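In the form deposited without the partner chain, a lone chain appears below as structure tokens.
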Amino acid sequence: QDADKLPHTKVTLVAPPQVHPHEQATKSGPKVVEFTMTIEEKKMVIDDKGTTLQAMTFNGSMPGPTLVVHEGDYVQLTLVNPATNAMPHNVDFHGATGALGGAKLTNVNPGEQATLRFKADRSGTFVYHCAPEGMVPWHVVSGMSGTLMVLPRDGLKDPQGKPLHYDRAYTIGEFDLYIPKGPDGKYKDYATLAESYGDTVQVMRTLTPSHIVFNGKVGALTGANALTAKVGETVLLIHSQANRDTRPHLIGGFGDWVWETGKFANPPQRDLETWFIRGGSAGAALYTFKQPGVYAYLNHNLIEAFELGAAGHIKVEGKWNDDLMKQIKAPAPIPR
């Protein structure tokens, strides 16, 4: 059970909100699963008013890509920090044991890379995030976090041990953003990442985000970019929040089976209307669509969702079921 001698497999990561191809239940034995991520600092437009964020990302996206392995596997990540970045970075896996989650072994300055291996000995969805000494919160709130999903080798199970399956998985990273405003009441636009620092820490200390977004920007998961599913399909919704609590809800849907603390050896709860993702964690919910149409998937602090940005859509195809819901009488004049 010595990793140096086990089979190694390289996985190509995909951008959120998709999740790379993977097995749920597997007959494979433990492997060393190798991944690579390249840090990209970049200015991003995060709303439809032209507001920018001096952002920091793993692999160019918020959140970074989800890495999927099985319980008993070893994660082996090569973390690259190009010379075109200005700051030092690292990675802290909440699914790993020791050395500040791997942060102490992955400190990389612009122009450097490092490779970390850790045993993924516990099943569940876990946050990973950057955590450079002296500026931990700034790197995390600027976009550096994603999820490691460690599946049970047997796939997911209900409280009685019955198999649970998903047909499609989506990953939603929710980001509380702290964009500074100048004395004119407009959001500041910085020329460099380092310029935004001091102002940003002052907004952070208020504990009041200027924006709260799914996947890098207001409305990121809407329009052409809406999530999709079909009636009859079971979706796994992974939701990570590395800094602040959130409370996911599917409008017109449910959390059929939910691991809100995100740890698959614990029995899931069923029939949830709204679940809770503790800041610093990732959780997962399964839902099997039974009705077609456009659903909203959102943080059910409704101010945070509708005013600040924490809401996406899921467009679902299929047949309407009047036994589950029916309009008996459409809107019409009150009988007088």
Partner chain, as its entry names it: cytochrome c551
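Residue numbers count along the first chain shown, from 1.
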| query | finding |
| --- | --- |
| Residue stretch of maximal mean CA temperature factor, 237-245 vs 117-125 | 117-125 |
| Of 35-43 and 296-304, the stretch whose C-alpha atoms average the higher B-factor in the entry | 35-43 |
| Maximum C-alpha temperature factor, selected from 146, 255, 98, 110 | 110 |
| Residue with maximal Cα B-factor (values as given in the PDB entry) among 176, 92, 133, 260 | 133 |
| Residue 20, C-alpha B-factor rank within chain (lowest, middle or highest third) | middle |
| B-factor third for the C-alpha atom of residue 291 within its chain | highest |
| CA B-factor placement of residue 29, once the chain's modelled residues are sorted into thirds | highest |
| Residue 197 by Cα B-factor - lowest, middle or highest third of the modelled chain | highest |
| Cα B factor band for residue 209 (lowest, middle or highest third within the chain) | lowest |
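The form deposited with the partner chain bound is left out here; the points below concern that form.
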item	value
Contact label in the entry with it bound: residue 198 to the partner chain, heavy atom within 4.5 Å	yes
The partner chain contact in the entry with it bound: residue 155, any heavy atom under 4.5 Å	no
Contact of residue 183 with the partner chain in the entry with it bound (heavy atom, 4.5 Å)	no
Partner proximity in the entry with it bound: residue 164 to the partner chain, non-hydrogen atom cutoff 4.5 Å	no
Sequence-ordered list of residues in 95-119 near the partner chain in the entry with it bound, where near means a heavy atom within 4.5 Å	109
